[PDB]
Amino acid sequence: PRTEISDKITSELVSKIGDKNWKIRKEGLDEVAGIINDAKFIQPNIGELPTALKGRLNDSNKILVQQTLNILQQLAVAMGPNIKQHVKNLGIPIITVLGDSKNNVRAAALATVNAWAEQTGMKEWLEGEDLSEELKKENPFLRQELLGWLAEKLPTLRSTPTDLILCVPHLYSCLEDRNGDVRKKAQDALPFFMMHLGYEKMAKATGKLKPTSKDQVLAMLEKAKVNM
C-alpha cells in the first residue's frame, strides 16, 4: 500500500518549520520534501503537516513560499485523490497566493491548485463561500488569476457547481475593475458562468448593483447570451 508518514511529522520537525530563523524553516521544509519523494506514495494522515505548511504560505522569504508550493504539489501526486480531505483546510489557502505580487510565485500557486484539481476535481474548490471570499478581495493579481482559472475549469466540471452564484457579485465587480487584465478575464469568464447559471439568474443578480453598473453588466450579459 501507500506509506504512512504521519510518524515522520514530529514535534521537532513542526517546530523547525515554524522557527524564527529562515535557515531552520528551510531545513524543515527540505526534510519534508525528501520524506515525500522517498515514500513516493503516501496515506492521507500527514499529522500536523497541514498546519505547518499553511503557516509558510506567507513566509517573509519568498523562496520558502515557493518551496511550500512545491511540497503541496508533491503531496497531491503522492497522496492521490485522498488529498480531497485537505482541500478546505489547506487547499483554499493556496488560492490566496495567487495574489502574490511576484509573477513567478503566482505562477507556482496556479500550477499548485491545478495539480490538486487533477486529483480532486473542482467540486470542493467551488463549493460553499470559500472561493467567492477570495474573489471578493480587491487584489488585481488574485482576481486576474482566479478568473482565468474559472474560465478554463468551468466547461469541464463533472458536478454542477452548486454555489457558483456566490461568485457573481464579485465577477460583476471585476467587470469594472481598475485593472484591465481583470476586466478582460472577467469578460472571458462571463459566458462560462452563464452556461451554468443561465441568463435570467445572472440578470437578477444585477439588482444589487448601482444603476450605472447594472446597465453595463446587463449589456455584457446580452452579448454572452449569443453563445447560449
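All residue numbers are counted from 1 along the displayed sequence.
In this crystal structure, the stretch out of 113-121 and 88-96 whose C-alpha atoms carry the higher mean B factor is 88-96. The question of which stretch, 195-203 or 28-36, has the higher mean Cα B factor is settled in favour of 195-203. Annotation for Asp181: CA B-factor lies in the middle third of the chain's modelled residues.
Ranked within its chain, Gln67 lands in the lowest third, by CA B factor from the PDB record. When the modelled residues of the chain are ordered by C-alpha B-factor, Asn61 sits in the lowest third. Sort the chain's modelled residues by C-alpha temperature factor and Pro81 lands in the middle third, per the entry.
In the PDB entry, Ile42 places in the lowest third of its chain by CA B-factor.
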